[PDB]
Each structure stands twice: as C-alpha cells, then as structure tokens.
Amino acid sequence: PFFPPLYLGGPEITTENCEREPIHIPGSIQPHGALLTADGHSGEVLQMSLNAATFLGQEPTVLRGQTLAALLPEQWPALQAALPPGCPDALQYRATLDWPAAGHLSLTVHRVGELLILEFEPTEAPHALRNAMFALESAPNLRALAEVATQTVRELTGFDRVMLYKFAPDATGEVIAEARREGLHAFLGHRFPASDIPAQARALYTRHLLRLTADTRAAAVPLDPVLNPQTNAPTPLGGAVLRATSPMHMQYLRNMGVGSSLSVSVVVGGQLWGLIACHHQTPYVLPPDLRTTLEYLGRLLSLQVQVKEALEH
C-alpha cells in the first residue's frame, strides 16, 4: 500500500520505506507556478496554492469564492467540452491567457473525478522539431538513435546533461547515451539499482509522461486547504507537473550537484522502456512551449525505439 502523507501524520520516509512514499499526494507544488482546484460542475474554486496572489494578482479571498465562469469567461466552456466527466486523468487541455497582471500565462487543466486541476505558469509569444523528427527516423540503429535523441534534446534545451536511461527487465537502469557540457562527470555506461526509481514512481511515470524539479533547493508551496473539501481527502496531483518533488529525490539531486532536473518517459508496449533524463547545474524553469516539444519527442522516440528494436529481433 502507501503510508499516509506527512501532513496527515504518516511516517517520514527513509531508505527502509522508499516504496511507500505517497509522492502523488504531497499537498504542495513548486513555486514557479500556481495551482487552483475547482468543482467540475459549478466551476467553484475549492483549493489554491498559497502563492496564487502573486501570479494571478488577486486579493486572496477573492479567488476562493469565485467561479471559473467568472474568473475565466472565454475558457470555461472549452474546459467543459475538452474534459468531459469520466475522462482519464491523463487527458490535458492547454491555453495561453493574456492576463492583466502577467503578460502571458500558460494554463493546463486536467480532471480527476469531480475536480478540475488548473496550473498556471508564465509563458511567451521553429524547424528544429521537424529536423529532429527526420533525424531520429533515419538513425540506422538503436545506438545511433539514442545518440541523436540526447544531442537533439540538449540542443533544444541547453540542459547541462541529457541521458537516455534504459530499464533492464528487473528495473535496473543503464545510461546508454549521453550528451553533456564539457567538464561534467560522464555517466555513460553506468548502471544504477532499481530502488533509485521506486516502483510507485515507475507506475506513475507510465501514465504521466513528464515531470521536473525546477530548483532542487526551493521550498514547496502548500495547497490551502490541504484536503479537498469535496472528499475531505488529499487532492491527487500526479498528473500535475507543478507537483512538489519528493524530498528524498531532491536530496538525491542535491548530493549529485544538480540544480534542475527533468525527464520524459519512453513507453513501449504499455511498459516503461526508459527515460530521457536531463540535468542542469543551476535552477532552470523550462517554459511550457519548449516542454511540449520534448513531450512530442517522447512519443516519436517511443515509436522509433519499437521500429529499431524490431530490426534487430
């Protein structure tokens, strides 16, 4: 099963109980964005991140009464149609708001049962993706495909290190390709135990295909209330990219000297084949539109891995 989260007086995690940390329900988010939850029917704002006032520019109480209808007039009917009752928690809808306080915000919404989860992040506003797609497809074998993928991602993102991290049948991990800035350790060829990415992390990564820690030293921002009014239970946040990273994994990243981390799942035959894993030495908020490019690349790599593995077997 899972332990209760901390804020419901559950045990603190150790290396004795890696597998049982309820990483999906931390009750908090990373501070480079803001999150609101809301009722599926009424559009009634039920929870907000204590930092919402910053991003939205709204007097705190104003929000926690109001309706999405009021708050987002153009958007609220689109949401209603895009995310019908009963849809999967994996389905997401995005829009760009030109919002008074903040030039442009990206809005990302998904639905978990009766709750809409809304994420707001700063945003903005060429051929590198098309060029990359063809490059991946003409790679002659899996090894070269891995090399092209890591190089392409590094060029698109500027990340200090990009790896392709492949799982063995026992969930032992191996770094089979790597693109990195001069003057970093090489992790190419190294293998790591399965407990570095615990089973409950791997399952969540099979369904929700991108996560990140923008700053491995930033404090999480609580949800208020912490419990969902609807249920008097924790809000599931695993489909939210803003979700606070496990402090065990942030300790792991800090001990490695990483300041910013991001990965994309490569899913083949319904299973987690591996990860595009990125490191930055310093804090780094990759903007939403560039993340989208990596999300596309994730799908394309999933296709090409199967194609390429089929021409060996």
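One rule holds for the numbers: they count along the sequence shown, beginning at 1.
* Asked: As stated in the PDB record, which stretch has the larger average Cα B-factor, 299 to 307 or 7 to 15?
  -> Averaged over C-alpha atoms, the B-factors run higher in 7 to 15.
* Of 76 to 84 and 184 to 192, the one with larger mean CA B-factor -> For C-alpha atoms only, the mean B-factor is higher in 76 to 84.
* Given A244, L253, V267, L63, the residue at which the Cα B factor reaches its maximum -> Going by the entry's C-alpha B-factors, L63 comes out highest.
* To do: In terms of CA temperature factor as recorded, identify the highest of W99, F167, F159, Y93.
  => Spelled out: the listed residue with the top C-alpha B-factor is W99.
* According to the PDB entry, is the CA B factor of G259 in the bottom, middle or top third of its chain, that is, lowest, middle or highest? -> Lowest third, going by the recorded CA B-factors of the chain.
* Split the chain's modelled residues into thirds by Cα B-factor; is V153 in the lowest, middle or highest one? -> Lowest third - that is where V153 ends up once the chain's C-alpha B-factors are sorted.
* Would you mind checking where the Cα B-factor of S42 ranks among the modelled residues of its chain, as the lowest, middle or highest third? => According to the entry, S42 has a C-alpha B-factor in the chain's highest third.
* Asked: By its CA B factor, does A214 count among the lowest, middle or highest third of the modelled residues in the chain?
  -> Lowest third of the chain for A214's C-alpha B-factor.
* To do: Give the position of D224 by CA B-factor within its chain, expressed as the lowest, middle or highest third.
  => Tercile = highest for this residue's CA B-factor.
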